[PDB]
Amino acid sequence: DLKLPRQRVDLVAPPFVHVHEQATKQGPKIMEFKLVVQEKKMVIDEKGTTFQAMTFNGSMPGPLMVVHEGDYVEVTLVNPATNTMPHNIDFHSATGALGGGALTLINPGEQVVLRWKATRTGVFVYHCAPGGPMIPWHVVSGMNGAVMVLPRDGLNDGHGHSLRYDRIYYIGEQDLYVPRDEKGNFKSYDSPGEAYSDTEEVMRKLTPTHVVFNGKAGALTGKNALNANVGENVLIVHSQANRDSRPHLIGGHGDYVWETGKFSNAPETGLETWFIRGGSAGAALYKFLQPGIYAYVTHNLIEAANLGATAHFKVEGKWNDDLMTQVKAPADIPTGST
Amino acid sequence: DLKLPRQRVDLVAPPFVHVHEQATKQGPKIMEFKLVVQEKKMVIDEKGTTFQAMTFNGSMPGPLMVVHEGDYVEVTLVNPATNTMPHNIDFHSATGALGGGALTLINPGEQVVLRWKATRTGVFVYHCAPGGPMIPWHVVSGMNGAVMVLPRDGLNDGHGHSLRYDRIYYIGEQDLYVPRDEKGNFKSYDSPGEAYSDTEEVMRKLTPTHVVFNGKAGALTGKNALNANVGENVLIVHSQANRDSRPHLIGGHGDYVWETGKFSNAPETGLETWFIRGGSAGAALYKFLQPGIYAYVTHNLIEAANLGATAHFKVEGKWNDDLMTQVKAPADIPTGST
Amino acid sequence: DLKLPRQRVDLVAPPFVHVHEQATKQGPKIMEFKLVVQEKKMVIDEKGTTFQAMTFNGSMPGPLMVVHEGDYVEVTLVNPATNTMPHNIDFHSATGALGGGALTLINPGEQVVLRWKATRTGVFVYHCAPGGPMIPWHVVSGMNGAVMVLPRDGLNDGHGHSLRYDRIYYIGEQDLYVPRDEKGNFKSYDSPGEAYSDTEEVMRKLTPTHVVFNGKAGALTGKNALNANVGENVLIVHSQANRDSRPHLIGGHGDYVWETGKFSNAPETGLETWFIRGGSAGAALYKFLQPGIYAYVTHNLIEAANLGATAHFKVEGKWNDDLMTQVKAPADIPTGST
Ligand SMILES: OC[C@H]1O[C@@](CO)(O[C@H]2O[C@H](CO)[C@@H](O)[C@H](O)[C@H]2O)[C@@H](O)[C@@H]1O
Ligand SMILES: OC[C@H]1O[C@@](CO)(O[C@H]2O[C@H](CO)[C@@H](O)[C@H](O)[C@H]2O)[C@@H](O)[C@@H]1O
Ligand SMILES: OC[C@H]1O[C@@](CO)(O[C@H]2O[C@H](CO)[C@@H](O)[C@H](O)[C@H]2O)[C@@H](O)[C@@H]1O
Ligand SMILES: OC[C@H]1O[C@@](CO)(O[C@H]2O[C@H](CO)[C@@H](O)[C@H](O)[C@H]2O)[C@@H](O)[C@@H]1O
Ligand SMILES: OC[C@H]1O[C@@](CO)(O[C@H]2O[C@H](CO)[C@@H](O)[C@H](O)[C@H]2O)[C@@H](O)[C@@H]1O
Ligand SMILES: OC[C@H]1O[C@@](CO)(O[C@H]2O[C@H](CO)[C@@H](O)[C@H](O)[C@H]2O)[C@@H](O)[C@@H]1O
Ligand SMILES: OC[C@H]1O[C@@](CO)(O[C@H]2O[C@H](CO)[C@@H](O)[C@H](O)[C@H]2O)[C@@H](O)[C@@H]1O
Ligand SMILES: OC[C@H]1O[C@@](CO)(O[C@H]2O[C@H](CO)[C@@H](O)[C@H](O)[C@H]2O)[C@@H](O)[C@@H]1O
Ligand SMILES: OC[C@H]1O[C@@](CO)(O[C@H]2O[C@H](CO)[C@@H](O)[C@H](O)[C@H]2O)[C@@H](O)[C@@H]1O
Ligand SMILES: OC[C@H]1O[C@@](CO)(O[C@H]2O[C@H](CO)[C@@H](O)[C@H](O)[C@H]2O)[C@@H](O)[C@@H]1O
Ligand SMILES: OC[C@H]1O[C@@](CO)(O[C@H]2O[C@H](CO)[C@@H](O)[C@H](O)[C@H]2O)[C@@H](O)[C@@H]1O
Ligand SMILES: OC[C@H]1O[C@@](CO)(O[C@H]2O[C@H](CO)[C@@H](O)[C@H](O)[C@H]2O)[C@@H](O)[C@@H]1O
Ligand SMILES: O=N[O-]
Ligand SMILES: O=N[O-]
Ligand SMILES: O=N[O-]
Ligand SMILES: O=N[O-]
Ligand SMILES: O=N[O-]
Ligand SMILES: O=N[O-]
Ligand SMILES: [Cu+2]
Ligand SMILES: [Cu+2]
Ligand SMILES: [Cu+2]
Ligand SMILES: [Cu+2]
Ligand SMILES: [Cu+2]
Ligand SMILES: [Cu+2]
């Protein structure tokens, strides 16, 4: 019945994003994606704590899918027989059937194909949602990602001027609820099923043990810092499927920010810190003006520094002393100061 | 002194709303409302947990009051002699005297009549506020509701186009703090006064035991699902008097959302999840495009699934396979897949 | 190299703000500020609880700095040798070097001079950020304040109309994490260093023991209520360096609110409650219409009433019975009521 060109997309692992056009003169296509569920033990902090994760495509977050308004998105979801649980997928970008969850429940050893029309522009969360208490558990176990539906003319500033990014990164933030024993040590389990009862107890108190970007504390620091150059306009897509976050680029700003994540709304300009509602994605554009290290954090600094929620950007270029300079280096306080 | 027509309104129990006009060519009226305080033990979850509630008109939330900009709202507040505590009322829509709380403190066996002018458009919280620590306690015991002050021309999209709703529902969300004994069982009390000290201890740790719509887990599910039809524009008013919420219609969107709740501001369009600041009301308009069950949640899914914060809509009509379709039902993974 | 007029500003203690012009026809200046770090034990609640605070200029929050777009801000930061820790400063208003933190780390007995260009308008947080876990600890110990960068034409309503305030107050909100002993009593320490390990344990559970304005419960109540008059337009700048807040003026409104705090964005109008993202400052303008006491709160009323987060305004003038009146004082319920 639906007679449009089909285009297969190969997803990549976050924080990177598969190749795509911003502005396009192509008409609507059927864009074909495949997601494979993988349950696996994963390391989530710098002390080697593990937890029984559940993922789309082996990553937390799941990969970013990018399409244009008016495209049809055909998703094959696969639940390999090595998995232990049923899984499904709910797209916040889609209309009907609980975002697709009501049409996509699959047992281990099965797959399903859903098609949804990309009628609403923005960045949107997708996540597993098998039913009842399984919904939060699968989501906080890692089964969430995002999709971006671009306008066919690309981004704009809401005042008739085009915006183009030079680079795009997807930062998925994950709240984790890892059980502890009587002494406070984190517990380990042999399967997700075995972890469930103790994990649900931690979840009920609504306080995460870890808050991480790209699936672990320190994931996007050190050698996995995000690269940019002075003068580049960088789009940072940020998602949180379950809990609020307050992104902040330390030493920078959000030049254009869609904090509710929807491109039919004009962006706010010149933000210090923005707000991603739990259950949503948002996006910020920034043009780097200064080289050096930048930390990208949630600006609950306890979470950022102590629970794992810090990424770095390493930005190459020349320092602009007009914007900022050290006028006098650290020196002894003058004895004749009052 | 004030010589305007008087009109008596009969309130109804949430989630329904008393009859009202959207656009009106009537001039300013004195709109007369009565609220009666009722302290009573209420069931708040599906396991039969009870708590010592304090309510306006016997419901959590209190009823939605609807008037138009420029009306005068005359509220008789009654505190029957069967109650044990003093109560009052503070309208966020009103100007002066702590929103009216400073003029409305009544002991059991008394009543009071306050009049306030509806000078500001939007949806607004009202709540009890007797003074000091009694303020949070009365509010989290259930003494809060909302009022909607419509523009006389009805809603608009902020770009000169009228918006009209076919149906309106009021979803009041309540954070509850129910004490537990040493084993974790919820405690019961014979009066609000007796519950106070233990409840205040739970409140101080800022983590609710329950988060409910319309006064109990499951209130708006099953046979009390909210009804709609494909093609109907539905206004959902959401209030939270004490704690933030992040509403999400699973399988739908917010077509037009006033998340800060004030109709002098243009709505945002096409939201996945919106944000109700604690101490405020907001409103979202959505036109249903697909039949079936929709869950309306706060998108902290722990709260939604495990603490009680899920409502359902049951939507009648014909499925649109253009928007979404199951291309292939669950099937065994092809043996010749890689 | 930089050849502009220099102007020394003398800071004052919050909630007051140093003298400044709103609209200015002066060109860019080098505005010179000095901040001195002071570590000291401070009283933070009405029962006399103390904690080991770390402050800019001996106050929580640090003082508000006010400049205009295009000015250069030259800050001398001094860390006296009576202090025990290294400190620095990060300006959310500045571009590069982690907002200045990377250029300003000073040991006790040292000072440093940083210059940053005020290229972005709004109110912005500044805070200490020495590195790693020291970042949240210094911030929640009190080392944070705000800066306001005004447009050279002053504020506007985003629709081409000037806004002018008659009075300005800076309300800094501080989340504190005070350790308790086994019985629940707050612990005291002889130095910040000694308090660290126990404080970090409380911080990890993300629930504050106190939430205060101007450094202590009750700071801005009683005789330190904030003064205004009927008819005055008052700007309230609110900052929170670490945790979300939801400001509300009880009995009033936000006439014009920049909740993300940035004057390049038009304000929202007629708000009941607004939202300050942790890591940001926001600002609300209100014209008082009624005399009397107003409470300014975060509208988590538990925090407001029980954890310390209430300020008062005392507003002089004549009552307007058109806006609000008590039609009938408290009276016995009529025996012939149903
Ligand atoms: O012996 C505990 C010690 O070993 C580490 C090493 O990285 O990890 C083990 O213990 C953790 C807590 O049970 C587990 O999460 C992990 O799976 C296991 O290898 C340390 O993290 C831990 O303190
Ligand atoms: O708005 C984008 C997109 O949403 C649709 C429904 O799929 O329209 C919705 O929003 C419209 C614009 O706000 C409303 O007028 C309409 O009633 C609502 O269904 C699409 O038609 C539109 O392209
Ligand atoms: O947090 C309580 C308590 O537990 C201990 C081990 O008994 O540390 C655990 O908690 C720390 C904070 O989350 C982790 O850094 C560590 O991996 C974990 O074992 C104590 O060290 C701590 O007091
Ligand atoms: O890219 C930052 C990196 O460059 C160096 C010199 O190679 O210094 C530049 O950046 C400093 C601020 O971070 C400026 O103060 C300095 O003048 C400028 O040359 C390194 O110091 C710095 O880490
Ligand atoms: O015996 C406890 C058991 O009975 C239930 C039945 O619905 O409710 C009782 O106990 C609760 C906890 O004290 C009370 O809240 C309630 O008022 C009382 O009827 C169960 O909820 C409970 O587990
Ligand atoms: O804005 C609606 C309504 O509020 C009032 C006061 O009751 O005006 C306030 O807001 C005006 C528009 O923003 C301000 O210009 C005014 O100064 C402020 O008091 C009403 O007059 C107005 O209808
Ligand atoms: O939550 C702690 C602990 O308490 C028990 C009974 O001892 O269950 C209580 O808590 C549950 C979660 O809130 C409720 O579902 C139940 O109504 C309540 O009695 C244990 O079952 C649980 O481990
Ligand atoms: O109203 C939803 C209800 O209708 C049924 C058939 O009566 O199916 C419709 O909705 C499905 C998606 O929820 C579509 O896939 C199907 O093709 C459509 O006919 C029921 O299955 C469904 O629960
Ligand atoms: O003896 C405890 C009692 O004294 C008070 C008096 O104001 O304060 C003391 O104890 C507190 C808890 O250790 C300290 O924070 C404070 O520094 C010390 O003077 C009361 O607050 C306290 O209950
Ligand atoms: O926007 C205020 C201020 O920011 C600067 C950079 O210091 O410009 C940023 O924002 C501009 C307007 O949104 C962008 O076009 C620009 O690319 C970005 O660097 C200043 O130039 C401007 O005055
Ligand atoms: O909060 C637990 C418990 O501790 C006690 C003293 O043992 O009070 C402490 O906590 C109160 C709440 O924060 C404070 O008001 C007081 O300053 C502090 O000592 C008990 O009174 C209370 O049950
Ligand atoms: O400024 C408030 C203060 O004024 C008094 C009389 O001096 O009353 C005025 O304010 C009341 C509402 O708070 C009005 O109902 C009253 O009519 C008006 O005169 C005091 O009662 C009040 O505290
Ligand atoms: O389907 N989940 O356990
Ligand atoms: O300025 N960043 O914490
Ligand atoms: O007036 N309340 O307890
Ligand atoms: O998509 N709702 O959780
Ligand atoms: O530098 N701070 O401990
Ligand atoms: O209306 N203030 O809580
Ligand atoms: Cu799953
Ligand atoms: Cu969802
Ligand atoms: Cu009450
Ligand atoms: Cu209130
Ligand atoms: Cu410091
Ligand atoms: Cu910061």
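What counts and what doesn't
Residues numbered from 1 in each chain as written, not as in the entry; some residues may be left out. Chains lettered and ligands numbered in written order. Heavy atoms only, no water. Residues with missing side-chain atoms left out of burial classes, pairs and counts. Helix = DSSP H or I, 4+ residues; strand = E, 2+ residues; numbered from the N terminus. Rg over C-alpha atoms; globule rule 2.2 N^0.38 Å. Contact = heavy atoms within 4.5 Å. Near = heavy atom within 4 Å. Polar contact = N/O pair within 3.5 Å; in protein donor to acceptor, adjacent residues only side chain to side chain. Nonpolar A, V, L, I, M, F, W, Y, C, P; charged D, E, K, R; others polar. UniProt positions renumbered as here; feature names shortened; annotations may be inferred. Buried < 20%, exposed > 50% of the residue type's maximum accessible area, 1.4 Å probe, protein only. Least-squares fit on C-alpha atoms. Salt bridge = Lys/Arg side-chain N within 4 Å of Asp/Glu carboxyl O. Domains from an automatic or database assignment. Buried area = accessible area lost by both parts, 1.4 Å probe. Pairing = 2+ DSSP bridges. Donors = N, O, S within 2.8 Å, 3.2 Å for Na, K, Ca; no water. Axes fitted to C-alpha atoms, helices over the stretch in contact; angles between N-to-C directions.

The PDB entry lists chain A under the name Copper-containing nitrite reductase, from Bradyrhizobium sp. ORS 375. For this structure, the PDB header gives the title as "High pH (8.0) nitrite-bound MSOX movie series dataset 10 of the copper nitrite reductase from Bradyrhizobium sp. ORS375 (two-domain) [6.8 MGy]".

## Thoughts on the overall build of chain A
Counting secondary structure elements, chain A contains three helices and 22 strands. Taken against the 2.2 N^0.38 rule, which gives 20 Å for 338 residues, the C-alpha radius of gyration of chain A at 21 Å falls within 12% of a compact globule. In terms of its C-alpha atoms, chain A occupies a principal-axis envelope of roughly 80 × 60 × 30 Å. In chain A, the proportion of contacts linking residues at least 24 apart, taken out of those at least 6 apart, comes to 74%.

## A look at the site of ligand 6
Taken together, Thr119 and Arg120 of chain B together with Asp255, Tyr256, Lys287 and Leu289 of chain C are the residues near ligand 6. Those chains with residues close to ligand 6 are chains B and C. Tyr256 of chain C is positioned such that a nitrogen or oxygen atom in its side chain is 3.0 Å from an oxygen atom of ligand 6. The side chain of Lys287 of chain C places a nitrogen or oxygen atom 2.9 Å from an oxygen atom of ligand 6. Class assignment for the residues of the shell around ligand 6 results in two nonpolar, one polar and three charged.

## As for the UniProt feature "binding site: Cu(2+) 1" (unreviewed entry) in chain A
All names here are of chain A. Per the UniProt record, "binding site: Cu(2+) 1" (unreviewed entry) is annotated on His87, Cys128, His138 and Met143. Considering the C-alpha atoms alone, the annotated residues occupy 57 residues of sequence yet fold into one spot, their largest mutual distance being 9.2 Å. If you trace the backbone, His87 turns up in the loop between β5 (72-79) and β6 (90-91). Look at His87 and you get buried, because its relative accessible area is 0%. Excluding residues that lie within four positions of it along the chain, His87 makes contacts with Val37, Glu39, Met54, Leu77, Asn79, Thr104, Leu105, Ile106, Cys128, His138 and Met143. Reaching out from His87, the side chain makes a polar contact with the backbone oxygen of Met85 at a distance of 3.4 Å. Of note, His138 is situated in helix α1 (residues 134-140). When neighbours within four sequence positions are excluded, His138 is seen to be in contact with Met54, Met85, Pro86, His87, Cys128, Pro130 and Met143.

## Some words on the relation of the copies chain A and chain B
The pair of chain copies shares a relation made of a rotation about an axis and a shift along it. Screw-axis analysis of chain A against chain B gives a translation of 0.0 Å along the axis, an RMSD of 0.0 Å, and a rotation angle of 120 degrees. Such values leave the two copies arranged in the relation of a three-fold axis. In terms of C-alpha distance to the rotation axis, chain A has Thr207 of chain A as its closest residue, with the C-alpha 5.1 Å off the axis. An asymmetric contact is evident, with only 2% of the interface residues of chain A recurring at the interface of chain B.

## Looking at the relation of the copies chain C and chain A
When chain C is fitted to chain A, the best match, at an RMSD of 0.0 Å, comes from turning it 120 degrees and sliding it 0.0 Å along the axis. In this assembly, only 2% of the residues forming the interface of chain C have copies in chain A that are likewise at the interface, indicating a heterologous arrangement.

## Notes on the pattern of salt bridges
Taken as a whole and judged by the stated rule, the model has 48 salt bridges over all chains. Its salt-bridge partner being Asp255 of chain B, residue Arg120 of chain A comes within 2.8 Å of it at the nearest N-O pair. Of this pair, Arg120 of chain A sits in the loop between β7 (110-117) and β8 (122-127) while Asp255 of chain B sits in strand β17 (residues 254-258), on two different chains. Of the residues examined, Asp255 of chain B reaches a relative accessible area of 13% and is grouped as buried. A single network of salt bridges, built from pairs that share partners, joins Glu259 and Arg277 of chain A, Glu259 and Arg277 of chain B together with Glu259 and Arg277 of chain C.

## Side note on the domain arrangement of chain A
Residues and elements named next belong to chain A. Per the domain assignment, the segments making up chain A are domain 1 (6-152) and domain 2 (168-316). On the domain 2 side, the residues contacting the 43 residues of domain 1 number 44 residues. A combined buried area of about 3300 Å² lies between domain 1 and domain 2, and 69% of that area is made up of carbon and sulfur atoms. Looking at the side of domain 1 facing domain 2, the largest losses of area belong to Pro15, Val123 and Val140, adding up to 19% of the total buried there. Where domain 1 touches domain 2, the interface holds zero salt bridges.

## Points about the interface of chain C and chain A
When the parts of a complex come together, some accessible area is lost, and that lost area is often taken as the interface size. Contacts between the two partners involve 56 residues from chain C, matched on the other side by 48 residues from chain A. Summing both sides of the interface, chain C and chain A together bury roughly 4200 Å²; the carbon and sulfur share of this comes to 55%. If you sort the residues of chain C by the area they bury against chain A, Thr95, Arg120 and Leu206 of chain C come out on top, with a joint share of 16%. There are five salt bridges connecting chain C and chain A. For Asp244 of chain C, the salt bridge identified is with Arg246 of chain A, shortest N-O distance 2.8 Å. On the surface where chain C and chain A come into contact, there are 27 residue pairs in polar contact. Where the side of chain C that touches chain A is concerned, the elements lending two or more residues are β5 (72-79), β7 (110-117), β8 (122-127), α1 (134-140), α2 (192-204) and β19 (280-287) of chain C. Split into classes, the residues belonging to the side of chain C that touches chain A amount to 26 nonpolar, 19 polar and 11 charged. The sheet contact formed by strand β22 (residues 324-332) of chain A and β7 of chain C spans six bridges and is antiparallel. Counterpart to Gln326 of chain A in the pairing with β7 of chain C is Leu114 of chain C.

## What about the interface of chain A and chain B?
Facing the 56 residues of chain A at the interface are 48 residues of chain B. Here chain A and chain B share an interface that buries about 4200 Å² over both sides, 55% of which is from carbon and sulfur atoms. A per-residue breakdown of the area chain A buries against chain B is headed by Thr95, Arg120 and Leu206 of chain A, which together make up 16% of the total. Across the salt bridge formed by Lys262 of chain A and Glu272 of chain B, the nearest N and O atoms sit 2.7 Å from each other. Counting every contact that joins chain A to chain B gives 27 residue pairs in polar contact.

## Here's the deal with the coordination of the copper ion (ligand 19)
Residue and element names in this part refer to chain A. Those donors, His87 (ND1), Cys128 (SG), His138 (ND1) and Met143 (SD), are the protein atoms that reach the copper ion (ligand 19), and they lie 2.0 to 2.5 Å from it. Written as a sequence motif, the donor arrangement for the copper ion (ligand 19) is H-x40-C-x9-H-x4-M. The exposure class of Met143 is buried, given its relative accessible area of 0%.

## Some details on the sheet that holds strand β16 (residues 247-250) of chain C
Residue and element names in this part refer to chain C. With respect to topology, four strands assemble into an open sheet ordered β14-β21-β20-β16, the strand pairing being mixed. A single partner strand is all that each edge strand has here, and the edge strands are β14 (226-229) and β16. Pairwise comparison of adjacent strand axes, ignoring direction, gives a mean angle of 25 degrees for this sheet. Bridging between strand β20 (residues 292-298) and strand β21 (residues 310-316) involves six bridges; their strand directions are antiparallel. By the bridge assignment, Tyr294 is partnered in β21 with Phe313.

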